Amino acid sequence: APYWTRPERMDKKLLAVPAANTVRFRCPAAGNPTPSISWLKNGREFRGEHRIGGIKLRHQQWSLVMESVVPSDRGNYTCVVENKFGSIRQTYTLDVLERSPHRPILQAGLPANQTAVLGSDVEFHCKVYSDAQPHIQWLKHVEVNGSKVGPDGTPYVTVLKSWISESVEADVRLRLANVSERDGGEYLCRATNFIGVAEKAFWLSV
Amino acid sequence: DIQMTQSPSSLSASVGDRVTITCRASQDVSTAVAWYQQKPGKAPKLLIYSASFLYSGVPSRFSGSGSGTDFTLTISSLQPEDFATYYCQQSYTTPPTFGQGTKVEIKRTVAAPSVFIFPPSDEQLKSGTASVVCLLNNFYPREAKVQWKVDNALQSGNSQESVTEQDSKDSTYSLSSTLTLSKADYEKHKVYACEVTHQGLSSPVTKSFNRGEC
Amino acid sequence: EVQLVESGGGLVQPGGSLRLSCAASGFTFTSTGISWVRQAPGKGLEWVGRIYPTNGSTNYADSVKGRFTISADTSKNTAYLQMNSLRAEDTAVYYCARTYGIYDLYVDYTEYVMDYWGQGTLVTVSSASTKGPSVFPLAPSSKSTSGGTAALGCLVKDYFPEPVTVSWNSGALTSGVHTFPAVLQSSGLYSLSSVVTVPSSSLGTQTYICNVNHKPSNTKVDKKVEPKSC
Ligand SMILES: *[C@@H]1O[C@H](CO)[C@@H](O)[C@H](O)[C@H]1NC(C)=O
């Protein structure tokens, strides 16, 4: 019938972990026959499919591992250790600490508002700071047919450039080479993250 | 500090082989042991943490076991991309400490070196210096003895050796031995010879030239 | 995948100072740590220190205590290694690594795991000045000819610091090329050779040129290698 191999190490139940670190819970037990171990989160069955990242289970070592913890991992985790003769259990309470994110913050290139001659090169610069992963786009206001706006809220725009930043700080650039009359107009650096959107406008006249 | 002792320091294996590397802690480190793979010119890469936990995306042919003081890394069936150096590390305490590495190299058939000798350039010589270069090309295994003789006298303390990593195509080694002499000393002698001993040769081979001769 | 880029490596005199930087990608910089580990040329790995988390406390190897300091700017996702009072034996490739902890109530330790490492930056501590190499031909001859094959090369002698790169026929010739690791000479300067084996019938009709770049001294040398006349 099941028992803890070190019952004294089983007194501690509360764990706080900063986000993106790894948590391991153990319930080292013994019995004859050697018992089963299964894991519950908030009293329900707990499976890899219940978090993104999955779980790593290690029955011989009586362990549940969760890599890269996030706030949604907060809660109660119970091991149920069982053979035919009996049952024991242990519940851990996990807190996960993470800073709250903000909307992106943009900074324009000091030239922006510009003028240039036919055939010359123009470059717009946009510094994007974002504590949550941003989608960064350079856009251009177009005109489908006298539509410097659209039957809605909604200036018409096409997307010149797009990427997802891998870092909190990005220096994003738009290069307009060998400029023609065509290239004159209003340009936007836009940055969107989970929390929201920021943008700056840049003008060219050729 | 806690000392981690790896064995063996090197081993030769074939694709398909089961490989087992051991790491021994000087004192108990529980299961706080990681394993790393490093290729020449590159940063180490993490394979395993907490003695036996596979880092995500790492192939399942890699595994680790152990607790306390004795730890092992096993590659179940070695692949071409697995030839590299492997390091264990404990982080039971601070400072975390590394083992000295195990180089896993590719087994192939014995190959005798092709031996070539290069006198100093006329371009180098005008400047008061002389480098004589002996090249042992495309041999296996790595172990080779190279001796210099100048007018038949065995030299000592005036040469340096360098060896390449296993060739990308044929898994052989190449080796340079470079004899450094002043221009004056170089001009005081006639015959320059490097003598090579290697397993692929039933007796030593000598390559030589006579100074300023054709 | 977190990516880290180290910068600031170079040549510095004994007793001098150098600051390395380590720029990290991603959005979890603040809740994890950064470790620095070094690798002396041809040698193993040595932990230098850790800041954990990046707005937290530091620990250092005994060999570095009182001389090296780790810091971080969380608004930049950049960690730093301030190296003072440098010694020849601090010569090494310096790596930074993203470091997280394994939290577990059952044990009295937090395992630190260094999972993503940068490409490394080379720090050389020496009294030697920066110096570009001499490049000499290793001419193909009868003493470098066996079967239908001839060996030829270039000796790249007396430069400082590392590294040198060598190419053949501007990258067109790569088959049978062997470029040896540098050795430190009795002068305290580096030397290496690069060699190549070619059909001995190609001698006469084919040109062979070694392209040698030494970034530290902004030196770029091309050397045609041909047989000596007699
Ligand atoms: C976890 O357990 C504690 C103690 O019984 C309880 O107060 C808490 O509300 C539980 N948490 C959840 C998310 O169910």
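In the text below, chain A, chain B and the rest are named by the order of the sequence lines, each starting its count at 1. What you see below is based on every heavy atom in this structure, not just the backbone, and it leaves out hydrogens, waters and symmetry mates.
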Check the side chains of [Y] and [X] for a donor-acceptor pair under 3.5 angstrom, ignoring hydrogens and angles.
| X | Y | answer |
| --- | --- | --- |
| C:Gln39 | B:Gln38 | yes |
| B:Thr102 | B:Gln6 | yes |
| A:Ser130 | A:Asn193 | yes |
| C:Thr99 | C:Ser35 | yes |
| B:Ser65 | B:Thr72 | yes |
| B:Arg18 | B:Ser76 | no |
| A:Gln61 | B:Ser52 | yes |
| C:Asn84 | C:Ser17 | yes |
| C:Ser7 | C:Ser21 | yes |
| B:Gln90 | B:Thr97 | yes |

Can you confirm whether [X] sits close enough to [Y] that some side-chain heavy atom of one is under 4.5 Å from a side-chain heavy atom of the other?
| X | Y | result |
| --- | --- | --- |
| B:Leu11 | B:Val19 | yes |
| C:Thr78 | C:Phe29 | no |
| A:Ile164 | A:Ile136 | no |
| A:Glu166 | A:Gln133 | yes |
| C:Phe27 | C:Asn77 | no |
| B:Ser91 | C:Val113 | no |
| C:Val166 | C:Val156 | yes |
| C:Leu192 | C:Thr179 | yes |

Ignoring hydrogens, what is the shortest heavy-atom contact between [X] and [Y]? Give both atom names and the distance.
| X | Y | value |
| --- | --- | --- |
| B:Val33 | B:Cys88 | CG1-CB, 4.4 Å |
| C:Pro41 | C:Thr91 | CD-O, 3.9 Å |
| B:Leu46 | B:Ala34 | CD1-CB, 4.1 Å |

Task: Sequence neighbours excluded - side-chain hydrogen bond (donor to acceptor under 3.5 Å, both in side chains) pairs with any residue from residues 211-220 of chain C - done: C:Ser167-C:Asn211, C:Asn211-C:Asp222, C:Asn213-C:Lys220, C:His214-C:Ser217, C:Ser217-C:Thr219

Return the [atom1] to [atom2] distance between [X] and [Y], rounded to the nearest 0.5 Å.
| X | Y | atom1 | atom2 | answer |
| --- | --- | --- | --- | --- |
| C:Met114 | C:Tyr116 | CE | OH | 15.0 Å |
| C:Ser31 | A:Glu98 | OG | CD | 7.0 Å |
| B:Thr22 | B:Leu73 | OG1 | CG | 10.5 Å |
| C:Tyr60 | C:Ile51 | OH | CD1 | 7.0 Å |
| C:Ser191 | C:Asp158 | OG | CG | 6.5 Å |
| C:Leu184 | B:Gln160 | CG | CD | 8.0 Å |

If the condition is side chain to side chain contact (heavy atoms under 4.5 Å, CB included), which residues does [X] pass it with, not counting sequence neighbours?
| X | value |
| --- | --- |
| C:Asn59 | B:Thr94, C:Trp47, C:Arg50 |
| C:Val5 | C:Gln119 |
| B:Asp28 | none |
| C:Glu162 | C:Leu122, C:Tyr159, C:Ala182, C:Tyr190 |

Aromatic ring proximity, centroids under 6.0 angstrom, [Y] and [X]:
| X | Y | answer |
| --- | --- | --- |
| C:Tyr112 | C:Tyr52 | yes |
| B:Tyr92 | C:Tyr109 | yes |
| A:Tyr92 | A:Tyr77 | no |

Open item on the list: According to side chain to side chain donor-acceptor pair (under 3.5 Å), who are the partners of B:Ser50, at least two apart in sequence or on a separate chain?
Closed with: C:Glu111

Task: From CA spacing to verdict: side-chain contact (heavy atoms from CB on, under 4.5 Å), C:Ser71, C:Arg19 - done: CA-CA 11 Å; C:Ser71 64; C:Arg19 187 193 187 75; 4.1 Å; yes

TODO: Would you verify whether the NZ or CZ of A:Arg58 falls within 45 degrees of the ring axis of B:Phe53 while also being under 6.0 Å from that six-membered ring's centre?
DONE: yes

Task: Cation-pi check, A:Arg9 onto C:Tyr106 ring (under 6.0 Å, within 45° of axis) - done: yes

Task: Pair listing, disulfide (SG to SG under 2.5 Å) test, anchored in residues 48-88 of chain C, at least two apart - done: none

- [ ] Only pairs at least two apart or in different chains count here, so list each disulfide (SG to SG under 2.5 Å) that has a residue in residues 7-126 of chain C.
- [x] C:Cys22-C:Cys96

- [ ] Using ring pair (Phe, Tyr, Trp, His ring centres under 6.0 Å) as the criterion, list what pairs up with C:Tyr103, not counting sequence neighbours.
- [x] none

Task: B:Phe62 and B:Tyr86 aromatic ring geometry - parallel, tilted or perpendicular at 30°/60° bounds - done: tilted

Open item on the list: As a quick check of understanding, evaluate side chain to side chain donor-acceptor pair (under 3.5 Å) for C:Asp115 and B:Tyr55, giving each step before the final call.
Closed with: CA-CA 9 Å; C:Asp115 65 337; B:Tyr55 194 83; 2.6 Å; yes

Below 3.5 Å, can you tabulate the donor-acceptor pairs from side chains in residues 66-74 of chain A to any protein atom, sequence neighbours excluded?
from: A:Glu67; atom 1: OE1; to: A:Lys56; atom 2: NZ; distance (Å): 3.3
from: A:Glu67; atom 1: OE1; to: B:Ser56; atom 2: OG; distance (Å): 3.1
from: A:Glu67; atom 1: OE2; to: A:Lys56; atom 2: NZ; distance (Å): 2.6
from: A:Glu67; atom 1: OE2; to: B:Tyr49; atom 2: OH; distance (Å): 2.6
from: A:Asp73; atom 1: OD1; to: A:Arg51; atom 2: NE; distance (Å): 2.8
from: A:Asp73; atom 1: OD2; to: A:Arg51; atom 2: NH2; distance (Å): 2.9
from: A:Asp73; atom 1: OD2; to: A:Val70; atom 2: N; distance (Å): 2.9
from: A:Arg74; atom 1: NH1; to: A:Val96; atom 2: O; distance (Å): 2.8

Open item on the list: Looking at C:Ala128, is its backbone amide N or carbonyl O close enough to the side chain of C:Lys131 to form a donor-acceptor pair, meaning the two atoms are under 3.5 Å apart?
Closed with: no

Open item on the list: Considering only residues two or more places apart or on different chains, which pairs with a residue in residues 82-91 of chain C satisfy salt bridge (charged side-chain N to carboxylate O under 4.0 Å, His left out)?
Closed with: C:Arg38-C:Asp90, C:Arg67-C:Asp90

Task: Test: B:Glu105 and B:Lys103 ion pair at under 4.0 Å - done: yes

Task: A:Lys12/C:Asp104 ion pair, N-O < 4.0 Å - done: no

Open item on the list: Can you list everything that forms a salt bridge (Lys or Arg N to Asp or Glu O under 4.0 Å) with A:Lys127? Sequence neighbours excluded, please.
Closed with: A:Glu169

